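Beneath this line is the structure, given in structure tokens, with notes to follow.
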Amino acid sequence: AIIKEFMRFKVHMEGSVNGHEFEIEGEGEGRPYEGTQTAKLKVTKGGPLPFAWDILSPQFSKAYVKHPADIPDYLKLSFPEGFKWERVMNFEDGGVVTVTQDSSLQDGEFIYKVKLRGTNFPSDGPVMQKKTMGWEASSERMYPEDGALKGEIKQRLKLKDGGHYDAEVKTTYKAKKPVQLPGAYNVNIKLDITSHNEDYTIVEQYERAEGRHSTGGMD
């Protein structure tokens with residue numbers, strides 16, 4: 001019941017990428033049981049960003065994943081206390097993004113606090129040269145480990161002039177209170193930039209995420 005069928009969120013990110021510091025604030029909304037959400041993000045410090053928006057976009061909401069009835073929605077069940085998540089992204093050219101995130105519920109809205117560290121992107125690479133064009137649809141493979149929910153992704157960023165720039169991603173999602181963990185399953189995710197201004201100081205995103213059985217789908 002805590003998770004309403006229409007939910008808003010507020011997000012704050014403090015970050016560095018290759019030592020360039022910045023802050024982002026944003027608001028979002030969606031339908032947690034339908035797996036759909038939008039967000040409006042604004043660069044509040046360190047803009048215009050001297051790197052690709054796309055490395056930040058996946059850091060702005062796993063309460064909004066559509067789950068089959070027989071897969072426990074661990075992250076929805078974590079509320080009202082909520083959950084933390086930690087992420088590592090290894091990009092194929094040696095760029096690294098590490099993220100920590102706190103997700104809570106205050107005034108009937110989700111509150112997201114994000115800390116991001118991006119390092120070792122090549123000065124001539126597509127991230128620092130802003131040559132990326134959004135993520136391909138992803139499958140996150142989910143499994144329980146060490147009393148937390150883990151997910152692994154082979155994520156693909158489209159490039160200007162064609163082809164892709166890959167990232168291996170691993171995330172740990174941990175409820176602040178003990179709730180029922182699921183077995184192994186997959187989450188199909190598509191994240192779109194729906195609008196941006198010229199220098200990506202103002203960006204709107206849309207994400208659809210649907211959990212699917214990895215065993216006994218029953219086709």
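Just remember, in the structure tokens the first chain shown is A, the second B, etc., residues are 1-based per chain, and ligands are 1-based in the order shown.
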- Would you mind writing down, as a PyMOL selection string, each residue of segment 60-128 of chain A that DSSP on the backbone assigns to strand (DSSP E or B)? chain A and resi 66+83-91+96-106+109-119
If we count only C-alpha atoms, what is near residue 98 of chain A at a cut-off of 6 Å, once residues fewer than 5 positions away on the same chain are taken out, given as a short mmCIF file (atom, residue, chain, number, x, y, z; two decimals) with N, CA, C and O atoms, in the first residue's frame?
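The new file part-v9.cif reads:
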data_model
loop_
_atom_site.label_atom_id
_atom_site.label_comp_id
_atom_site.auth_asym_id
_atom_site.auth_seq_id
_atom_site.Cartn_x
_atom_site.Cartn_y
_atom_site.Cartn_z
N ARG A 87 27.04 0.95 -7.38
CA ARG A 87 27.19 0.51 -8.79
C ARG A 87 28.63 0.75 -9.23
O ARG A 87 29.21 1.76 -8.85
N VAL A 88 29.12 -0.16 -10.08
CA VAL A 88 30.41 0.03 -10.79
C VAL A 88 30.08 -0.16 -12.25
O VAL A 88 29.43 -1.16 -12.57
N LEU A 116 28.37 10.33 -7.28
CA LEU A 116 28.94 9.70 -8.48
C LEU A 116 30.41 10.09 -8.61
O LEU A 116 30.73 11.30 -8.40
N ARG A 117 31.26 9.12 -8.93
CA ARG A 117 32.70 9.35 -9.24
C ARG A 117 33.01 8.71 -10.58
O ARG A 117 33.04 7.45 -10.65
#
Could you list, as an mmCIF file with N, CA, C and O atoms, in the first residue's frame, every residue within 8 Å of segment 105-115 of chain A, counting only C-alpha atoms and ignoring same-chain residues fewer than 4 positions away?
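So out-v2.cif came out as:
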data_model
loop_
_atom_site.group_PDB
_atom_site.id
_atom_site.type_symbol
_atom_site.label_atom_id
_atom_site.label_comp_id
_atom_site.auth_asym_id
_atom_site.auth_seq_id
_atom_site.Cartn_x
_atom_site.Cartn_y
_atom_site.Cartn_z
ATOM 1 N N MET A 7 3.450 7.911 -8.297
ATOM 2 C CA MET A 7 4.433 8.347 -7.270
ATOM 3 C C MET A 7 5.342 9.379 -7.906
ATOM 4 O O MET A 7 5.789 9.149 -9.055
ATOM 5 N N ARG A 8 5.650 10.431 -7.156
ATOM 6 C CA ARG A 8 6.662 11.431 -7.560
ATOM 7 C C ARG A 8 7.999 11.083 -6.910
ATOM 8 O O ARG A 8 8.014 10.409 -5.873
ATOM 9 N N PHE A 9 9.093 11.638 -7.431
ATOM 10 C CA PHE A 9 10.374 11.627 -6.699
ATOM 11 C C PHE A 9 11.110 12.958 -6.875
ATOM 12 O O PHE A 9 10.856 13.724 -7.828
ATOM 13 N N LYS A 10 11.993 13.217 -5.923
ATOM 14 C CA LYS A 10 13.009 14.282 -5.986
ATOM 15 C C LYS A 10 14.385 13.627 -5.904
ATOM 16 O O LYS A 10 14.558 12.689 -5.131
ATOM 17 N N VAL A 11 15.320 14.095 -6.728
ATOM 18 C CA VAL A 11 16.688 13.553 -6.779
ATOM 19 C C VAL A 11 17.710 14.699 -6.676
ATOM 20 O O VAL A 11 17.486 15.804 -7.218
ATOM 21 N N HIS A 12 18.797 14.436 -5.953
ATOM 22 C CA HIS A 12 19.996 15.294 -5.865
ATOM 23 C C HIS A 12 21.216 14.436 -6.193
ATOM 24 O O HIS A 12 21.381 13.415 -5.559
ATOM 25 N N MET A 13 22.034 14.839 -7.174
ATOM 26 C CA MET A 13 23.318 14.148 -7.459
ATOM 27 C C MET A 13 24.463 15.128 -7.187
ATOM 28 O O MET A 13 24.408 16.261 -7.689
ATOM 29 N N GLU A 14 25.461 14.673 -6.432
ATOM 30 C CA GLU A 14 26.791 15.312 -6.317
ATOM 31 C C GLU A 14 27.781 14.428 -7.026
ATOM 32 O O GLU A 14 27.799 13.230 -6.722
ATOM 33 N N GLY A 15 28.541 14.986 -7.957
ATOM 34 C CA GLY A 15 29.416 14.117 -8.755
ATOM 35 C C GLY A 15 30.729 14.776 -9.107
ATOM 36 O O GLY A 15 30.852 16.016 -9.016
ATOM 37 N N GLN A 59 21.679 6.826 -13.577
ATOM 38 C CA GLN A 59 21.768 7.021 -12.100
ATOM 39 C C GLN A 59 20.498 7.719 -11.547
ATOM 40 O O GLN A 59 20.334 7.796 -10.298
ATOM 41 N N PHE A 79 10.031 -0.297 1.334
ATOM 42 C CA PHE A 79 9.473 1.009 1.778
ATOM 43 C C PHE A 79 8.512 0.751 2.935
ATOM 44 O O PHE A 79 8.042 -0.360 3.086
ATOM 45 N N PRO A 80 8.283 1.715 3.853
ATOM 46 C CA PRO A 80 8.779 3.089 3.715
ATOM 47 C C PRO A 80 10.258 3.427 4.010
ATOM 48 O O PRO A 80 10.674 4.490 3.609
ATOM 49 N N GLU A 81 11.028 2.556 4.663
ATOM 50 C CA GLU A 81 12.454 2.827 5.001
ATOM 51 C C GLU A 81 13.268 3.000 3.702
ATOM 52 O O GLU A 81 14.011 3.992 3.576
ATOM 53 N N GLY A 82 13.093 2.096 2.742
ATOM 54 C CA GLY A 82 13.763 2.171 1.423
ATOM 55 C C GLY A 82 15.035 1.342 1.353
ATOM 56 O O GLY A 82 15.171 0.336 2.052
ATOM 57 N N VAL A 99 29.037 4.639 -8.193
ATOM 58 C CA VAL A 99 27.853 5.391 -7.724
ATOM 59 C C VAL A 99 27.438 4.806 -6.375
ATOM 60 O O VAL A 99 27.497 3.595 -6.223
ATOM 61 N N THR A 100 27.037 5.656 -5.452
ATOM 62 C CA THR A 100 26.263 5.217 -4.253
ATOM 63 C C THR A 100 24.977 6.028 -4.201
ATOM 64 O O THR A 100 24.972 7.214 -4.571
ATOM 65 N N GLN A 101 23.901 5.399 -3.760
ATOM 66 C CA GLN A 101 22.565 6.013 -3.823
ATOM 67 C C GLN A 101 21.781 5.584 -2.576
ATOM 68 O O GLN A 101 21.962 4.471 -2.112
#
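Closest to residue 51 of chain A among A:123, A:186, A:36, A:180 is A:123, based on only C-alpha atoms.
Among the candidates A:196, A:209, A:69, A:216, the one nearest to residue 31 of chain A when counting only C-alpha atoms is A:209.
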- Task: Find the residues around residue 212 of chain A up to 10 Å (only C-alpha atoms counted), leave out those fewer than 5 positions away in its own chain, and share them as an MDAnalysis selection string.
- Result: chainID A and resid 66:68 71 139 141 184:188 217
- Query: residue 182 of chain A: which residues within 7 Å, counting only C-alpha atoms, same-chain residues fewer than 6 positions away excluded, as a ChimeraX atom specification?
  - Reply: /A:71-72,74,144
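Shortest separation to residue 198 of chain A among A:175, A:49, A:76, A:166 occurs at residue A:49, atoms counted being only C-alpha atoms.
Using only C-alpha atoms, the contacts of residue 18 of chain A at a cut-off of 9 Å, with sequence neighbours closer than 6 positions omitted, comprise residues 117, 118, 119, 120, 121 and 128 of chain A.
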What would the file look like if the residues just selected were written as a short mmCIF file (atom, residue, chain, number, x, y, z; two decimals), in the first residue's frame with C-alpha atoms?
data_model
loop_
_atom_site.label_atom_id
_atom_site.label_comp_id
_atom_site.auth_asym_id
_atom_site.auth_seq_id
_atom_site.Cartn_x
_atom_site.Cartn_y
_atom_site.Cartn_z
CA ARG A 117 32.70 9.35 -9.24
CA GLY A 118 33.73 9.08 -12.92
CA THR A 119 37.47 8.55 -13.60
CA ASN A 120 40.03 7.73 -16.28
CA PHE A 121 37.88 8.64 -19.34
CA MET A 128 34.83 13.62 -22.81
#
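For residue 151 of chain A, the list of residues within 6 Å, based on only C-alpha atoms and with local chain neighbours fewer than 5 positions off taken out, reads residues 140, 141, 142, 170 and 171 of chain A.
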Let me see the file: selected residues, C-alpha atoms, as a PDB file, in the first residue's frame.
ATOM      1  CA  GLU A 140      19.697  -6.600 -16.279  1.00  0.00           C
ATOM      2  CA  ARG A 141      20.236 -10.128 -14.880  1.00  0.00           C
ATOM      3  CA  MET A 142      19.070 -10.054 -11.248  1.00  0.00           C
ATOM      4  CA  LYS A 170      27.217  -4.438 -11.567  1.00  0.00           C
ATOM      5  CA  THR A 171      24.860  -3.037  -8.951  1.00  0.00           C
TER       6      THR A 171
END
How close does segment 123-206 of chain A get to segment 42-46 of chain A? List, as a tab-separated table, each residue of segment 123-206 of chain A within 8 Å, its nearest atom pair and the distance in Å to one decimal, counting only C-alpha atoms.
residue	atom	partner	partner_atom	distance
A:201	CA	A:43	CA	5.0
A:202	CA	A:42	CA	4.7
A:203	CA	A:42	CA	6.6
Writer output for current selection, N, CA and C atoms, as an mmCIF file, in the first residue's frame:
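New file selection05.cif:
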data_model
loop_
_atom_site.group_PDB
_atom_site.id
_atom_site.type_symbol
_atom_site.label_atom_id
_atom_site.label_comp_id
_atom_site.auth_asym_id
_atom_site.auth_seq_id
_atom_site.Cartn_x
_atom_site.Cartn_y
_atom_site.Cartn_z
ATOM 1 N N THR A 201 22.116 21.248 -19.988
ATOM 2 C CA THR A 201 21.959 21.761 -18.597
ATOM 3 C C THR A 201 20.541 21.451 -18.109
ATOM 4 N N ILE A 202 19.616 21.182 -19.037
ATOM 5 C CA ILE A 202 18.188 20.838 -18.781
ATOM 6 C C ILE A 202 17.874 19.623 -19.648
ATOM 7 N N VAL A 203 17.466 18.526 -19.021
ATOM 8 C CA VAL A 203 17.300 17.215 -19.691
ATOM 9 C C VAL A 203 16.048 16.572 -19.124
#
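Counting only C-alpha atoms, the residue from A:58, A:183, A:211, A:162 that sits nearest to residue 135 of chain A is A:58.
Using only C-alpha atoms, the nearest neighbour of residue 199 of chain A within the list A:53, A:30, A:38, A:143 is A:53.
If you measure from each of A:40, A:208, A:84, A:131 to residue 164 of chain A using only C-alpha atoms, the closest one turns out to be A:131.
Atom pair atom CA of residue 22 of chain A / atom CA of residue 47 of chain A: separated by 6.9 Å.
Note that atom CA of residue 32 of chain A and atom CA of residue 213 of chain A are 18.6 Å apart.
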